[PDB]
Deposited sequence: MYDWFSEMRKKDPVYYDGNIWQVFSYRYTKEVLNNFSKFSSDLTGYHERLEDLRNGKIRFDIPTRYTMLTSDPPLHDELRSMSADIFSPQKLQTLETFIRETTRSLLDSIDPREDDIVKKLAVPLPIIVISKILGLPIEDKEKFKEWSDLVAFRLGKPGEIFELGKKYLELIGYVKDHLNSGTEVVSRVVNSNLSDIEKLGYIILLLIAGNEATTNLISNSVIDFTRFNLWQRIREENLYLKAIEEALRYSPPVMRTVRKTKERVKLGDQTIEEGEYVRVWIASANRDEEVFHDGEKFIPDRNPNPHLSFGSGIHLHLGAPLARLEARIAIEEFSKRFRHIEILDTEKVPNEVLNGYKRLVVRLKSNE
């Protein structure tokens, strides 16, 4: 996949295959995402309400308060791992983000957490019960419904939960990358957790690509695209651009600065994702002097970069 990106960056940065436009290089990838006037995400107050809530619940002071909870949750999750043979995705990568968002949203843990995680009129009742939890715990969108406002809140709740899949993938991708390149001891001894997670974001981005729609007739590079044309933007490719990232195919855990476009356009749950991953790796690296990878299964999706299974043995 990345060899294809290399050649396309070299020979056709902006490319039309007959069906859809595709962008591979960093400069043009960045331009498409940031130039929101020319390139649309459609095909805003709901977005602004999301941004307003993200400020409230993902503030630096709120996340700094949660650090100890996240650590103990992580620590508790690792205790249920079988050192001889066990799945990292099932035991750590999937649970931690859901437990942490459940603490933030105020979703019920324990017996209801098993049932609520798994989840028309019976479903609708649970959907309203779900909203009721967040309503009770909390922000503009919570207070405004304390029917369109109710659906708006329900929609944002689903988003805030759903986004944690990429965080799950980042943890898994990090474990794979640090193990294959044998970086654990180095990251541990040199305190590269922060940068190594960012390098894992650049190198193994949970979201491989995104789409934009041309608002007007625009020109990018040598090419010129018309209105109503969908522009595929390969984030994974942009992250390996040689001009921006020297030795772009190399995994450098102390790479700094690392202006990857893995989060896209500011992304709301990025500080949260980073924190969860940082603490996940830190606590995990403490329990394992040695990590052997036995079996892996990728997620069957061209858009997402992650693992359905990651079976490991620990010392």
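No C-alpha positions are given for the deposited-sequence stretches 44-72, 149-160, 180, 189-193, 313-315, 366-368.
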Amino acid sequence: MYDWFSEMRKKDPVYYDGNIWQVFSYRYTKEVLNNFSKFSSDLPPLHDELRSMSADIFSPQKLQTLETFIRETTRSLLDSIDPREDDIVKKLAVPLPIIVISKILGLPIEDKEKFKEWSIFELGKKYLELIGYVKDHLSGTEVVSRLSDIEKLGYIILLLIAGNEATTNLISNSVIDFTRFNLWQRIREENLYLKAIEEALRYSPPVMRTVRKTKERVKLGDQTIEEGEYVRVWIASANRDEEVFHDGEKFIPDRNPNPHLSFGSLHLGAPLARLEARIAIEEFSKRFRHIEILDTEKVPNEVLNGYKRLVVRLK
From here on, numbers count along this sequence of modelled residues.
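For the pair 223-231 and 73-81, the mean Cα B-factor is higher in 223-231. When the two stretches 280-288 and 252-260 are set side by side, the higher mean Cα temperature factor goes to 280-288. The residue among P97, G154, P205, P108 whose C-alpha atom has the highest B-factor in the PDB entry is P108.
Highest C-alpha temperature factor among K215, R186, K91, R180 per the entry: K215.
Among the modelled residues of its chain, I197 has a C-alpha B-factor that falls in the lowest third, as given in the PDB entry. For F121, the recorded CA temperature factor ranks within the highest third of the chain's modelled residues. Sort the modelled residues of the chain by CA B factor and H47 lands in the highest third.
Sort the chain's modelled residues by C-alpha temperature factor and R240 lands in the lowest third, per the entry. The entry lists a Cα temperature factor for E31 that places it in the highest third of the chain's modelled residues.
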